[PDB]
């Protein structure tokens, strides 16, 4: 009937945001309408953006949107660099995506990750023992939040004990140290070779650790060795997400003492509280990886054309006022909490249950074992990551009673 003009293309420059402050450009986009168009610093052209919870679920779960097609051009994006390997799980669609996710799914369910909870709680107690022994102050990130997710994933992956410190080092060197280009990709090569060998060796394993599952799937020709190794590396270095996210968690718990006080007074609410924190924390800068409309799709009266790129903002979806009344309020009692901090659809985060487990153990040890714990700097003086994809502290200086 009546033409509905397309939205203006909104430029979305890379900006370093303080602490956990919400992106005001994303707020602007949320206020503009459910369907907007954006231009990011890198790649070319524009992309659709959806911000409402229902539209985000549609775009991420509907078969009419595809990931492989994203590598057919230079879609506008935040990251300077793009498309490493084209076997990367992120860029696969259900001809092949499903095989790869299925091969390890069992280790990452609630029941799957529960298998490493006691060992993980022990490893965390070791780290905290050491921090207490050294005495205050400490950088909680360096002392605890950084090493713990790596220890846990080593255990879940089934890395032989004598190789786990090599794993730590490799993980630290990969894309997150200094010595750009060279040491990172050499560490990546070593880790690749390592997992190629371990998974290869486990070609007929009935083990239930992740590398055994990968090895067995490779052995039954469900996936190739190359696919298995790539995924193994992604999973192995994925814990940095928990390091960053839990860093924001404790930054919040310490800068807003009432939250910490609630979790000490009512320990029973900690799982729900963690979910609320996961909902609220602005985990990333801007948006991540788009999907291509494989056929024309109408969203809120807007015609998304086949070939167009479409982004979702999980961050925005987690502040959807209809789904989350008073969305900017951190409410640990929040009634239903259907957040999409771990994404949605086939590409939903494999590590979500693992991240909740890690966060629950972390909150327990840090809130229960550090007497008089507080920030050692003003909240606004905690350094947060600049030029980042995933937001979070560079360091989290804390102090307490020795």
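Positions refer to the first chain, counted from 1.
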Checklist entry - Which wins on mean Cα temperature factor, 135 to 143 or 299 to 307? => result 299 to 307
Checklist entry - Do the C-alpha atoms of 196 to 204 or of 254 to 262 have the higher average B factor in the entry? => result 196 to 204
Next on the checklist: Can you tell me which of 322, 155, 331, 190 has the maximum CA B-factor listed in the PDB entry?
Outcome noted: 190
Next on the checklist: Just the C-alpha B-factor column, please: which of 163, 268, 326, 275 has the biggest number?
Outcome noted: 163
Item to check | Where the record places residue 31 (Cα B-factor, split into thirds across the chain) | outcome: middle
Checklist outcome for this item: Entry-reported C-alpha B-factor of residue 73 relative to its chain, by third, is highest
Item to check | Third of chain Cα B-factors occupied by residue 64 | outcome: highest
Item to check | Third of chain Cα B-factors occupied by residue 95 | outcome: highest
Item to check | residue 51 by Cα B-factor - lowest, middle or highest third of the modelled chain | outcome: lowest
